[PDB]
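Single-structure report; data block below.
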Amino acid sequence: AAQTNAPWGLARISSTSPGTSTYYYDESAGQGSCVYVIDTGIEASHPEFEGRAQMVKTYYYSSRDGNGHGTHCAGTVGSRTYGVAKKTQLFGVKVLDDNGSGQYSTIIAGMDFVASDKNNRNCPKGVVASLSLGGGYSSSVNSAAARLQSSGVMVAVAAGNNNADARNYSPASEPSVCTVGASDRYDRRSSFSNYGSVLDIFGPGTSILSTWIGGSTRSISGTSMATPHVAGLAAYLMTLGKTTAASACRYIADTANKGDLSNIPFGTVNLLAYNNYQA
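All letters in the sequence shown, in the order written, are residues 91 to 369 by mature numbering (1 follows the signal peptide of the UniProt record, and there is no 0).
Printed below as a string of C-alpha coordinates:
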(Lines of atoms letter the chains of each structure in order from A and count residues from 1; the text may use other names and numbers.)
(Lines give C-alpha, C1' and ligand atoms only; values in the text may rest on other atoms or scores of the structure.)
Protein backbone atom coordinates (compact mmCIF):
# COMPACT_ATOMS: atom_id res chain seq x y z
CA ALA A 1 0.00 0.00 0.00
CA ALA A 2 0.89 3.70 -0.11
CA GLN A 3 0.28 6.72 2.11
CA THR A 4 0.26 10.06 0.30
CA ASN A 5 1.73 13.18 1.95
CA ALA A 6 2.78 11.00 4.89
CA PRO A 7 4.99 12.57 7.58
CA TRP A 8 8.48 12.72 6.11
CA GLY A 9 9.86 10.06 8.46
CA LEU A 10 7.37 7.46 7.27
CA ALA A 11 8.23 8.25 3.65
CA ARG A 12 11.95 8.05 4.45
CA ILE A 13 11.82 4.44 5.70
CA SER A 14 10.27 3.41 2.38
CA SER A 15 12.72 5.09 -0.02
CA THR A 16 16.48 5.32 -0.54
CA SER A 17 16.44 9.13 -0.90
CA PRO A 18 15.16 11.98 1.28
CA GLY A 19 12.58 14.62 0.38
CA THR A 20 9.88 12.18 -0.75
CA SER A 21 6.36 12.41 0.66
CA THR A 22 4.85 8.92 0.20
CA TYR A 23 5.07 6.08 2.72
CA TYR A 24 5.09 2.67 1.03
CA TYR A 25 4.36 -0.43 3.08
CA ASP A 26 3.01 -3.94 2.70
CA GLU A 27 -0.70 -4.27 3.44
CA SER A 28 -0.06 -6.30 6.60
CA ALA A 29 1.05 -3.11 8.40
CA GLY A 30 2.12 -5.10 11.43
CA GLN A 31 -1.12 -6.96 12.15
CA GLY A 32 -0.63 -9.77 14.65
CA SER A 33 2.33 -8.00 16.27
CA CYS A 34 2.36 -6.08 19.53
CA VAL A 35 4.51 -3.13 20.55
CA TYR A 36 4.86 -2.18 24.20
CA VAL A 37 5.34 1.60 24.33
CA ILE A 38 7.27 2.16 27.56
CA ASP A 39 6.91 5.88 28.30
CA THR A 40 4.45 8.43 29.76
CA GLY A 41 1.41 6.42 28.60
CA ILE A 42 -0.96 6.24 25.65
CA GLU A 43 -4.16 8.25 25.22
CA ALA A 44 -5.80 5.06 23.97
CA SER A 45 -8.94 7.07 23.14
CA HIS A 46 -7.14 8.86 20.30
CA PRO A 47 -9.03 8.22 17.01
CA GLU A 48 -5.67 7.60 15.35
CA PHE A 49 -5.29 4.40 17.38
CA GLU A 50 -8.66 3.01 16.18
CA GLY A 51 -9.01 0.89 19.30
CA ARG A 52 -5.64 -0.81 18.77
CA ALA A 53 -4.04 1.00 21.73
CA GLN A 54 -4.61 0.18 25.39
CA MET A 55 -2.87 0.82 28.70
CA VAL A 56 -1.73 -2.31 30.51
CA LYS A 57 0.41 -0.94 33.37
CA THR A 58 1.25 2.30 35.13
CA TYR A 59 3.50 3.15 38.05
CA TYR A 60 1.64 6.31 39.05
CA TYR A 61 -1.89 7.50 39.79
CA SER A 62 -3.43 7.24 36.33
CA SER A 63 -2.79 5.21 33.22
CA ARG A 64 -3.55 8.47 31.40
CA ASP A 65 -0.77 10.22 29.49
CA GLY A 66 -0.62 13.74 30.88
CA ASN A 67 2.62 14.47 29.01
CA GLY A 68 2.09 13.54 25.35
CA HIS A 69 5.45 11.83 24.87
CA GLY A 70 4.16 8.26 25.01
CA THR A 71 1.07 9.01 22.92
CA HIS A 72 3.42 10.48 20.30
CA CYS A 73 5.70 7.43 20.06
CA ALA A 74 2.72 5.09 20.24
CA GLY A 75 1.47 7.10 17.28
CA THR A 76 4.72 6.75 15.36
CA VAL A 77 4.72 2.99 16.01
CA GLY A 78 1.19 2.31 14.84
CA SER A 79 -1.26 5.17 14.61
CA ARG A 80 -3.06 5.19 11.29
CA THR A 81 -1.78 8.51 9.89
CA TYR A 82 1.62 8.62 11.61
CA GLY A 83 2.51 4.98 12.39
CA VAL A 84 4.89 2.49 10.80
CA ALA A 85 2.87 -0.64 11.68
CA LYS A 86 -0.58 0.87 11.22
CA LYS A 87 -2.38 -2.41 12.06
CA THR A 88 -0.36 -3.39 15.14
CA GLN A 89 -1.55 -3.69 18.73
CA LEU A 90 -0.07 -1.10 21.08
CA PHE A 91 0.36 -1.59 24.82
CA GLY A 92 0.96 1.41 27.05
CA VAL A 93 3.43 0.83 29.87
CA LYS A 94 3.57 4.03 31.92
CA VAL A 95 6.98 4.21 33.60
CA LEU A 96 7.38 7.97 33.06
CA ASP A 97 5.00 10.37 34.78
CA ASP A 98 3.26 13.28 33.08
CA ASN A 99 6.59 15.13 33.29
CA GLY A 100 8.58 12.41 31.48
CA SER A 101 10.87 11.61 34.43
CA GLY A 102 10.82 7.99 35.60
CA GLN A 103 13.13 6.48 38.20
CA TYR A 104 15.60 3.77 37.22
CA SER A 105 13.80 1.37 39.55
CA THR A 106 10.49 2.13 37.82
CA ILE A 107 11.93 1.75 34.31
CA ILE A 108 13.53 -1.54 35.37
CA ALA A 109 10.19 -2.68 36.80
CA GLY A 110 8.24 -1.74 33.68
CA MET A 111 10.74 -3.67 31.56
CA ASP A 112 10.45 -6.74 33.79
CA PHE A 113 6.67 -6.33 33.59
CA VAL A 114 6.60 -6.36 29.78
CA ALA A 115 8.83 -9.46 29.78
CA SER A 116 6.07 -11.13 31.83
CA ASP A 117 2.95 -9.35 30.53
CA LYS A 118 3.71 -10.45 26.96
CA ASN A 119 2.71 -13.96 28.07
CA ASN A 120 -0.78 -12.64 28.86
CA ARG A 121 -1.19 -11.30 25.31
CA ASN A 122 -1.91 -12.57 21.80
CA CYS A 123 1.00 -11.40 19.63
CA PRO A 124 1.37 -14.23 17.10
CA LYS A 125 3.76 -12.29 14.86
CA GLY A 126 6.11 -11.21 17.67
CA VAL A 127 6.51 -8.81 20.58
CA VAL A 128 8.25 -5.44 20.18
CA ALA A 129 9.04 -2.82 22.81
CA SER A 130 9.82 0.87 22.28
CA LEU A 131 11.73 2.67 25.03
CA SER A 132 11.74 6.33 24.03
CA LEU A 133 12.95 7.10 27.57
CA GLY A 134 16.64 7.37 28.45
CA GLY A 135 19.13 8.23 31.18
CA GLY A 136 22.72 8.00 32.36
CA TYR A 137 24.63 4.75 32.32
CA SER A 138 23.46 2.04 34.71
CA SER A 139 24.18 -1.68 34.68
CA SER A 140 20.73 -2.33 36.14
CA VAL A 141 18.86 -0.43 33.42
CA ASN A 142 21.13 -2.13 30.88
CA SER A 143 20.50 -5.57 32.39
CA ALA A 144 16.74 -5.01 32.35
CA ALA A 145 16.73 -4.09 28.65
CA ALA A 146 18.78 -7.22 27.96
CA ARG A 147 16.50 -9.47 30.03
CA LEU A 148 13.54 -7.98 28.18
CA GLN A 149 15.35 -8.65 24.90
CA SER A 150 16.40 -12.23 25.70
CA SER A 151 12.85 -12.95 26.90
CA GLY A 152 11.67 -12.73 23.29
CA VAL A 153 10.92 -9.02 22.89
CA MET A 154 12.54 -6.91 20.20
CA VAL A 155 13.80 -3.99 22.29
CA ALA A 156 14.43 -0.67 20.54
CA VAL A 157 15.87 2.07 22.74
CA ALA A 158 16.87 5.66 22.03
CA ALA A 159 20.52 6.66 21.81
CA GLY A 160 19.73 9.83 23.78
CA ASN A 161 19.76 13.48 22.74
CA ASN A 162 23.07 14.57 24.28
CA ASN A 163 25.22 14.75 21.10
CA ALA A 164 27.65 12.30 22.69
CA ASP A 165 28.76 8.70 22.53
CA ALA A 166 25.75 6.63 23.56
CA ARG A 167 27.88 4.23 25.65
CA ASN A 168 27.48 6.66 28.58
CA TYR A 169 23.70 6.19 28.54
CA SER A 170 21.22 3.49 29.48
CA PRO A 171 19.52 1.52 28.16
CA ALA A 172 21.29 2.88 25.06
CA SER A 173 24.64 1.28 25.92
CA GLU A 174 23.18 -2.22 26.36
CA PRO A 175 24.78 -4.15 23.46
CA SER A 176 22.00 -6.70 22.95
CA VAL A 177 19.20 -4.23 22.14
CA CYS A 178 18.65 -1.87 19.21
CA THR A 179 20.10 1.55 20.06
CA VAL A 180 18.40 3.86 17.56
CA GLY A 181 19.87 7.17 16.45
CA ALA A 182 18.08 10.15 14.96
CA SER A 183 18.33 11.67 11.48
CA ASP A 184 16.52 14.58 9.83
CA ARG A 185 14.62 15.04 6.56
CA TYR A 186 17.86 15.76 4.64
CA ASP A 187 19.64 12.53 5.67
CA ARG A 188 21.79 14.35 8.20
CA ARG A 189 22.44 12.94 11.61
CA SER A 190 20.16 14.84 13.96
CA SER A 191 21.81 17.74 15.79
CA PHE A 192 21.13 16.18 19.21
CA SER A 193 21.58 12.53 18.24
CA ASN A 194 23.98 10.39 20.21
CA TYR A 195 26.37 8.09 18.37
CA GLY A 196 29.13 5.55 18.97
CA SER A 197 29.93 1.92 18.28
CA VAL A 198 26.92 0.72 20.28
CA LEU A 199 24.47 2.41 17.88
CA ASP A 200 22.69 -0.17 15.74
CA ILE A 201 20.56 1.92 13.36
CA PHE A 202 19.40 5.47 12.64
CA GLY A 203 15.84 6.68 12.27
CA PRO A 204 13.84 9.79 11.47
CA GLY A 205 14.02 11.81 14.66
CA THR A 206 13.74 15.49 13.71
CA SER A 207 10.34 17.17 13.26
CA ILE A 208 8.39 13.92 13.59
CA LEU A 209 4.67 14.57 13.22
CA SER A 210 2.64 12.12 15.30
CA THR A 211 -0.28 11.89 17.71
CA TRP A 212 -0.55 14.01 20.83
CA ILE A 213 -2.71 14.04 23.95
CA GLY A 214 -6.11 15.67 23.77
CA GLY A 215 -6.96 13.91 20.52
CA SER A 216 -4.53 16.24 18.75
CA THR A 217 -1.25 15.79 16.85
CA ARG A 218 2.17 17.40 17.27
CA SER A 219 5.58 17.42 15.59
CA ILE A 220 8.57 17.10 17.96
CA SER A 221 12.21 16.09 17.61
CA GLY A 222 14.42 13.59 19.42
CA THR A 223 16.06 10.18 19.24
CA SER A 224 13.06 9.37 21.44
CA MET A 225 11.01 9.95 18.26
CA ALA A 226 13.31 7.88 16.04
CA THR A 227 12.92 4.84 18.31
CA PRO A 228 9.24 4.09 17.41
CA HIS A 229 10.09 4.25 13.69
CA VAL A 230 12.38 1.24 14.08
CA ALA A 231 10.06 -0.33 16.66
CA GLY A 232 7.18 -0.07 14.20
CA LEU A 233 9.55 -1.24 11.47
CA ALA A 234 10.44 -4.29 13.57
CA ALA A 235 6.77 -4.99 14.30
CA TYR A 236 6.12 -4.55 10.58
CA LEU A 237 9.01 -6.79 9.49
CA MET A 238 7.97 -9.38 12.08
CA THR A 239 4.36 -9.51 10.89
CA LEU A 240 5.94 -10.11 7.47
CA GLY A 241 7.86 -13.02 9.00
CA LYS A 242 11.10 -11.61 7.56
CA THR A 243 12.67 -11.46 11.04
CA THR A 244 12.21 -12.55 14.64
CA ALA A 245 12.25 -10.63 17.91
CA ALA A 246 15.87 -11.61 18.59
CA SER A 247 17.29 -10.82 15.13
CA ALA A 248 15.13 -7.84 14.12
CA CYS A 249 17.76 -5.28 15.11
CA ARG A 250 20.32 -6.77 12.71
CA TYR A 251 17.85 -7.46 9.89
CA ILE A 252 16.94 -3.76 9.85
CA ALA A 253 20.69 -3.10 9.91
CA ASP A 254 21.47 -5.59 7.13
CA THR A 255 18.59 -4.11 5.10
CA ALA A 256 19.27 -0.48 6.01
CA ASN A 257 20.13 2.41 3.71
CA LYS A 258 23.89 2.66 4.22
CA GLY A 259 26.09 5.68 3.54
CA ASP A 260 23.05 7.94 3.13
CA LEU A 261 23.69 9.99 6.27
CA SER A 262 25.91 13.03 6.82
CA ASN A 263 27.79 13.95 10.00
CA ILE A 264 27.97 10.32 11.11
CA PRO A 265 31.08 10.40 13.33
CA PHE A 266 33.73 7.87 12.37
CA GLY A 267 33.15 4.65 14.28
CA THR A 268 29.35 4.97 14.17
CA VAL A 269 27.10 3.03 11.81
CA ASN A 270 25.82 4.96 8.79
CA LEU A 271 22.58 3.01 8.41
CA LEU A 272 19.03 4.31 7.94
CA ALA A 273 15.98 2.24 8.84
CA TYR A 274 14.43 1.15 5.54
CA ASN A 275 11.59 -1.32 5.04
CA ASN A 276 12.84 -2.24 1.53
CA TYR A 277 9.25 -2.45 0.31
CA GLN A 278 8.50 -3.29 -3.32
CA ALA A 279 5.74 -4.85 -5.39
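We put the beta carbon where it would ideally sit given N, CA and C, even for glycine.
Asked: Straight-line gap, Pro137 to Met145 (C-alpha atoms, nearest Å); Found: 15 Å
Asked: Complete beta strand (DSSP E) runs within the region 158 to 186 (minimum length 3 residues, chain order); Found: 179 to 184
Asked: Proximal residues to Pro108 (C-beta, below 7 Å), its chain only, five neighbours per side dropped; Found: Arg102, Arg275, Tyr276 and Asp277
Asked: Beta-carbon gap between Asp187 and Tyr126 smaller than 9 Å; Found: no
Asked: Beta strand (DSSP E) runs wholly inside the region 229 to 293, at least 3 long, in chain order; Found: 243 to 248 and 268 to 273
Asked: Nearest to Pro294 (by Cα), restricted to the options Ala363, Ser263, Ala336 and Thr334; Found: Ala363
Asked: Nearest candidate by alpha-carbon position, reference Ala338, set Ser280, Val267 and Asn353; Found: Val267
Asked: Rounded straight-line distance, which links the Cα of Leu299 to that of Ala262; Found: 24 Å
Asked: Segments of 4+ residues assigned as alpha helix (DSSP H) that fall wholly inside the region 328 to 356; Found: 338 to 344
Asked: Residue from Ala96, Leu180 and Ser123 whose Cα sits closest to the Cα of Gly131; Found: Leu180
Asked: Contact check, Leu221 vs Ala248, beta carbons under 9 Å; Found: yes
Asked: Selected residue, minimal CA-CA separation from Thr110, among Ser169, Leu223 and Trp98; Found: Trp98
Asked: Local conformation of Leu323 per DSSP, three classes; Found: helix
Asked: For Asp116: DSSP bridge partner residues; Found: Bridge partners of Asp116: none, in fact.
Asked: Beta-carbon proximity of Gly226 to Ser260, cut-off 9 Å; Found: yes
Asked: Exposure label - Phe139; buried when at least 16 CB within 10 Å; Found: buried
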